[PDB]
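Data first, discussion second: the structure below is written as structure tokens.
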Amino acid sequence: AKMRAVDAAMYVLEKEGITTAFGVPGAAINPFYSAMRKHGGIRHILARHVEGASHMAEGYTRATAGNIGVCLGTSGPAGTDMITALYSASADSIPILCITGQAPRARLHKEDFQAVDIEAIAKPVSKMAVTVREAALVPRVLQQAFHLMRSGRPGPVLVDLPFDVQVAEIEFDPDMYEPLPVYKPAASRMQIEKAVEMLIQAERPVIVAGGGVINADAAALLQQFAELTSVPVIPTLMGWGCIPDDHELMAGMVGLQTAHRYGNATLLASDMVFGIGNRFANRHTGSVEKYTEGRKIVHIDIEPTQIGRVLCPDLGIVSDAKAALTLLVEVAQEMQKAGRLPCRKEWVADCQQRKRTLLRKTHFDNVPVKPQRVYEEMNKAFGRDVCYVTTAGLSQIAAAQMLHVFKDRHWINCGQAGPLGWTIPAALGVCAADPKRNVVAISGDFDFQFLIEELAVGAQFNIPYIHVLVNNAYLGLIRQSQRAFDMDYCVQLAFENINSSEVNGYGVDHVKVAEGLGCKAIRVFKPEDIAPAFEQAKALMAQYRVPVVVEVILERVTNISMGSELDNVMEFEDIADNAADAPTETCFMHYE
Amino acid sequence: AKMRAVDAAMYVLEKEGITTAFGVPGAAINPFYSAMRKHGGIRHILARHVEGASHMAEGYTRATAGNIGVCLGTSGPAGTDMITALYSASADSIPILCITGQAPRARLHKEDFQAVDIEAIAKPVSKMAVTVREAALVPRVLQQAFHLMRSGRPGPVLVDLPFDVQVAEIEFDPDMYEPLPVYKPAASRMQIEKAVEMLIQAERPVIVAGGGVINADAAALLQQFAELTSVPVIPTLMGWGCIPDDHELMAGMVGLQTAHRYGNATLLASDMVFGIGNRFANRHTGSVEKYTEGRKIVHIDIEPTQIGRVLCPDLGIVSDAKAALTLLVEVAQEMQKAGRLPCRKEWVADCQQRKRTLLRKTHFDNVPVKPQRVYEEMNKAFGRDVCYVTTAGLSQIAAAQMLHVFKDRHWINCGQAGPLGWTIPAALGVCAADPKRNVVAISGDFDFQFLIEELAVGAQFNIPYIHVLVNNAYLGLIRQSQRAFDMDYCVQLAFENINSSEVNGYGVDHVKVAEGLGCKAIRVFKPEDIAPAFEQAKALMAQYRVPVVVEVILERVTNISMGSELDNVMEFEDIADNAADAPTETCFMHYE
Amino acid sequence: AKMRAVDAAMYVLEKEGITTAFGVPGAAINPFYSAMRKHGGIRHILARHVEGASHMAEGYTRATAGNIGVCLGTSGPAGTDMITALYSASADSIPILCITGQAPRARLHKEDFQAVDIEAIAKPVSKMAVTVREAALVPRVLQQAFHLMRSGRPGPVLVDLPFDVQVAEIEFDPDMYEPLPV
Ligand SMILES: Cc1cc2nc3c(=O)[nH]c(=O)nc-3n(C[C@H](O)[C@H](O)[C@H](O)COP(=O)(O)OP(=O)(O)OC[C@H]3O[C@@H](n4cnc5c(N)ncnc54)[C@H](O)[C@@H]3O)c2cc1C
Ligand SMILES: Cc1cc2nc3c(=O)[nH]c(=O)nc-3n(C[C@H](O)[C@H](O)[C@H](O)COP(=O)(O)OP(=O)(O)OC[C@H]3O[C@@H](n4cnc5c(N)ncnc54)[C@H](O)[C@@H]3O)c2cc1C
Ligand SMILES: COP(=O)(O)[C@](C)(O)c1sc(CCOP(=O)(O)OP(=O)(O)O)c(C)[n+]1Cc1cnc(C)nc1N
Ligand SMILES: COP(=O)(O)[C@](C)(O)c1sc(CCOP(=O)(O)OP(=O)(O)O)c(C)[n+]1Cc1cnc(C)nc1N
Ligand SMILES: *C1=C(C)C(=O)C(OC)=C(OC)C1=O
Ligand SMILES: *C1=C(C)C(=O)C(OC)=C(OC)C1=O
Ligand SMILES: COP(=O)(O)C(C)=O
Ligand SMILES: COP(=O)(O)C(C)=O
Ligand SMILES: [Mg+2]
Ligand SMILES: [Mg+2]
Ligand SMILES: [Mg+2]
Ligand SMILES: [Mg+2]
Ligand SMILES: [Mg+2]
Ligand SMILES: [Mg+2]
Ligand code: NA
Ligand code: NA
Ligand code: NA
Ligand code: NA
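Protein chains in written order, with the authors' numbering: chain A, 2 to 593; chain A', 2 to 593; chain B, 2 to 183. A prime marks a further copy of an entry chain.
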């Protein structure tokens, strides 16, 4: 019967499916740590920055449907160090549960050491942020937290626990605890029949499959619906993987940066966008006037106030993507049996022809190394089960342009917020979620430096993955954005390293740093040494069971393809219309 | 006449005295960077984490009276990464100016890439947080920002700049720009005369000199007033340095952790606390009932709502500490000339006797090294002009117990928030403020890891200082706090480093990491090698002009003295009553 | 197909079962009153204090299970005059729907006559308080409002409508509108 509030909390977490937490203890959260030790059901991973714990939790969530990453911390600056992750999780409609210690209730207005109003700070980037005011409410707040994290548009929750609230005794019967029901609206048959009637009337439709499809665990249904209707599929960056890149209907990605020449050309040639669990992000659309010109728009979203937010759909449907796709498949089957689905061989052929011809060169023998070549080598070295984790920079943009993925939740990327430092901890979090996953991270040098210390978490806990580090001794994306201002200013990271003449003025020696943090590292200067470096990295991983960093020394300056509209993406580097120049496109290469 | 809003902003910053900024550019803040380049008056230092830039700005502010550290960043996660510094600056009543880029005004409700409501997030930890809605307001918001940062209780400001607002042209005449007046209330003669009458009637008074004395640039007046009245001075942690540690009236520090046995004993023996620019923090007082028992309390504070917040003073006076101390000196001089100031030889003698006898041992020859010995060696190796920078941990607590400082702004410490990672960037910020300052940082291993990458900022920009790193492969303070829970759980950082058997299972190899980041580093295992390591560090600094890390390998477990009340501080390690055991107390050693 | 956002709002209110509103018009909410007149399905009762309209809405809700009283007002002080009712409705776990007119979007930070941040004021005493920033979202915000007023612990909602948002044309098919599940 009688236990501390925090002891009750462990029973709640266990019943809600939690088996892992990432965190940094402190005096104010010690009662919770005490409870976690006595209960024994949760594996704790000690981060080397509270921000690191917060992004580990994000990776854990993103790795596997139903996962909820947990981030623990003390009072005061621990909560403030979780805001960037709450923002990133909110921004991408995924949940993490942050739990912070706090000063005792009676001391909250008294400027106690490390007492901050985390409720007010976190409110704008959470579905709920609450300082729990009574011991008996601790289980109830967690119970509601799980309901909110799973329901509607998913998002994160912060629970703030005054010390005295944590340690007070309550009566709690674990056998009587039950998770709450999850709220998800479902499209009616009438909605879905109208959508399919509209699709049947389009001559050149595409499905734009967003992150909501993955959130809903509906990848197989999305592919089934596309196959039944013979409609090309353009994943958003957040939908990437919900149909394999080598599927005959996968028509590429669209947008201003993380996009294909063939994807943009297909979108602009289409007469309908059938949007499922997407939200028409500005870096996907450019100007919405241009994106929607001559096109009917269908938009299916779980969140009513996402529909009409940035563009007006011809038909907007409020629905969970799995519920919607179940009915879309069933209606499509009825239409097929009635002979009412049109044959789309010519439009599909046209999309595949663009995908065959409108390429970018990757096969460069240049020294110093061209980044494009790294992505080619990654495609060749890893299997189709590879799981990529990345953030933002020319590193990530060119990666999204040139790598291939074949499974949902095998592109793990903070698409809306892009906080530098996210990559290392997020990757560790994916690995903790799934120790059999083949995780390969991609970072530029600056991203890799923000939370570089988190490599030692991988060393201490023996969490193996391969980290690809593409080093230009620059904030490369920011250099490129500064061309509009005719400058290159405060974006260089180069210096003569007094301990390493072998980095040739590139500044930080990432091999020495990674090795100091307990990991393994290989530096590559020549494009023909990339493939053997990847093979060696796999061997070192197997042998030592720690992260292995493969650092490629790039040319300082490479302008990656991008523009302000779909029809305006500038190609600075060589394009390609043949496989020899772009040999790892799925049309030319069998993956696995 | 006609220039961009951001060009006007550079003229405002110049006229407001800004010469330095710390930051990380991004597309949304590039117009401001463009303006900064064209204008040329501000030295920019590129951080390797936005959080790093934010704490550099804090160090810069703290180094020298009138300084205002500037932190620049892009939209979205850059602002969220500045919250911990806004909190820390607010918490300690010091200003930083954060400036963030933002999405264009028309796009603010549209989930543009990296658009976040930073105004709402930062409001709780700033004097003003504002998204500027018109180009013409940019100079006016900055003008008001400087007024608020300097006025009343100081604190930080965040200015958020939509891209379109930055680039729009306004008409601005730099010659017509004038900073606003600064609001500071001043005590009346009637207030100060009552305070001095009350002081004259005390038999055993102490002055508690807080951070407000330093904030007001009033250290010399504080010492003058103490000398005229012959009243012992107890600095708060945030007041430390406002009278030299070797002054005959400096009676030690008080509290639960960063405090002296003699300080606590003096406070408990006193019959009056004369508080000037302090606020009676809970780690200074313990229970206020015990702190105020048998004592009259005077409290002078610039902020009305600080007076009576945690304890009821017998006399509370709203005043700037410099204004107050000017009048306190003048009234004390009148009282002296009238023969009305009592002679306090016996009480002063009693305070000095406690300071002579109630010590803690530092002189340990143990291997592995006892942390206490490190502080002894630091006192001997550095001059009286040393400037210490630190955060929190057993590292910082024992430092505050055992190091000595002789000048105001030579203890630079985030006393109220204690965010791990603060030390490295804050130190770099102090160095940037004053290139002739002799900066010595103190970190535990965990603190040192949070923002370890910032060492490469020191390497790239050639910013020299000495960083003392006391390594126990533990969150030592948290281990010690967990004794109350009979556990040692999730607080160890040790592992067998696969690249360094010479760290003997301590985990991270800080010498390899520091050297990889472009700095110099020396590891010490034996107490007699500390002094020569400090001499070598000075030589390497002079030669290479980069940070030099001196890592001392400590015993894993040392319980530092601390308790829950002034009369309850537990001494786990050996105390001392003689100089041989504690040879660097000012009574026994001449500093410089 | 094409009608003003406020015309779409009338169809949403009809489909959500509204037949009655209590209110006080003003210039900023006149487009909504215009739409209510054209549509014809709602009996308006004109109060002699906005506070009076707001407590009429409360009484209407409380009278009969499923009822949701609607309170209409202009910008500025009309919304501030509804705060007491929002508080009372919240406090007793019952819904009212308050609709306020508002200055045009481009004028929201410009101290326009009677422009107030009613979103911030009403947030503490409502399940949702929102200034609608696009015409196409007007029907979706109302759709979400009815879900929130009926679901979980019931409580009130305030919807604040910039003038330009009210009058802008959108595509809206009344036949395809369905209330959300509770
Ligand atoms: C440097 C950089 C460049 C980029 N360039 C591009 C680019 O060129 N092209 C591009 O497309 N992206 C790009 N992105 C990513 C971009 O910012 C967005 O993150 C992305 O386009 C949004 O994907 P989405 O529309 O699928 O939205 P998501 O953020 O995945 O959300 C879509 C919708 O899912 C809904 N939802 C949630 N759960 C469910 C459910 N169960 N059922 C149904 N709906 C649900 C939500 O309500 C939401 O409205 C880039 C990112 C970076 C960092
Ligand atoms: C692990 C750890 C242990 C600690 N242990 C102790 C301890 O044992 N003892 C201890 O004392 N501290 C300790 N501290 C520090 C403690 O938390 C507080 O930061 C500190 O005691 C507050 O100092 P203060 O009262 O001078 O306040 P400050 O934060 O310096 O502010 C005092 C007042 O100055 C006022 N003010 C600002 N400008 C002016 C001006 N111009 N004129 C007049 N007033 C002005 C403000 O309004 C404020 O009320 C510890 C910190 C840490 C991290
Ligand atoms: C009194 O306990 P606390 O308030 O819990 C405190 C002082 O605040 C500290 S100190 C500390 C550990 C410091 O470890 P170090 O190796 O740096 O120091 P040490 O081993 O103690 O000499 C931690 C994790 N925290 C907690 C902490 C956690 N996360 C952040 C961001 N900042 C913190 N500062
Ligand atoms: C389109 O520009 P942006 O939005 O400004 C963007 C994508 O967001 C980026 S990417 C970037 C530089 C990345 O440098 P890397 O060396 O990691 O990569 P690269 O050199 O481009 O291959 C910076 C500083 N920021 C800005 C940035 C700054 N601070 C934080 C915390 N996160 C950021 N992500
Ligand atoms: C290349 C492309 C681009 C195709 O679309 C295709 O059909 C799916 C191929 O054959 C399978 C191909 O090799
Ligand atoms: C030791 C102590 C503690 C004193 O107080 C003192 O007087 C100021 C000394 O002599 C100067 C001393 O050496
Ligand atoms: C940090 O800015 P920099 O001085 O590095 C430049 C002038 O490019
Ligand atoms: C992170 O927690 P640990 O597993 O390290 C422990 C059991 O002490
Ligand atoms: Mg894959
Ligand atoms: Mg780079
Ligand atoms: Mg000194
Ligand atoms: Mg870091
Ligand atoms: Mg330690
Ligand atoms: Mg106006
Ligand atoms: Na492959
Ligand atoms: Na000295
Ligand atoms: Na009223
Ligand atoms: Na609310």
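Built from N, CA and C at the ideal position, the CB exists for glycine as well.
Under the three-state reduction of DSSP, which class applies to residue i: helix, strand or coil?
i                 : result
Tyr490 (chain A') : coil
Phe449 (chain A)  : helix
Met4 (chain B)    : strand
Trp348 (chain A') : helix
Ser562 (chain A)  : coil
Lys356 (chain A') : helix
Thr132 (chain B)  : strand
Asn380 (chain A') : helix
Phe275 (chain A') : strand
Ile244 (chain A') : coil
Is residue i buried or exposed, if buried means 16 or more other CB atoms sit within 10 Å of its CB?
i                 : result
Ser94 (chain A)   : buried
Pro125 (chain B)  : exposed
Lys128 (chain A') : buried
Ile122 (chain A)  : buried
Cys388 (chain A') : buried
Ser288 (chain A') : exposed
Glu52 (chain B)   : buried
Can you pull the DSSP bridge partners for residue i?
i                 : result
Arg524 (chain A)  : A:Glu552
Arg49 (chain A')  : Beta-bridge pairing links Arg49 (chain A') to no other residue.
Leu162 (chain A)  : A:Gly102
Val319 (chain A)  : A:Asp302
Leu73 (chain A')  : A':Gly24 and A':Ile100
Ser444 (chain A') : A':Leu470
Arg205 (chain A)  : Its beta-bridge partners do not exist; DSSP assigns none.
Output the boundary residues of the alpha helix (DSSP H) element that contains residue i.
i                 : result
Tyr389 (chain A') : Run containing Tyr389 (chain A'): none in the alpha helix (DSSP H); it sits in the beta strand (DSSP E), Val387 to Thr391.
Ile19 (chain A)   : Per DSSP, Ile19 (chain A) belongs to no alpha helix (DSSP H) and is neither H nor E.
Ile122 (chain B)  : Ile119 to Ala123
Do residue j and residue i have their beta-carbon atoms positioned less than 8 Å apart in this structure?
i                : j                 : result
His405 (chain A) : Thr587 (chain A)  : yes
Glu516 (chain A) : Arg49 (chain A)   : no
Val370 (chain A) : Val553 (chain A)  : yes
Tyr12 (chain A') : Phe173 (chain A') : yes
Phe275 (chain A) : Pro372 (chain A)  : no
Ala418 (chain A) : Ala92 (chain A)   : yes
Specify, as a first and last residue, the run of the beta strand (DSSP E) that residue i falls within.
i                : result
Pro236 (chain A) : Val234 to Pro236
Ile95 (chain A)  : No beta strand (DSSP E) contains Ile95 (chain A), which DSSP labels as neither H nor E.
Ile413 (chain A) : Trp412 to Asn414
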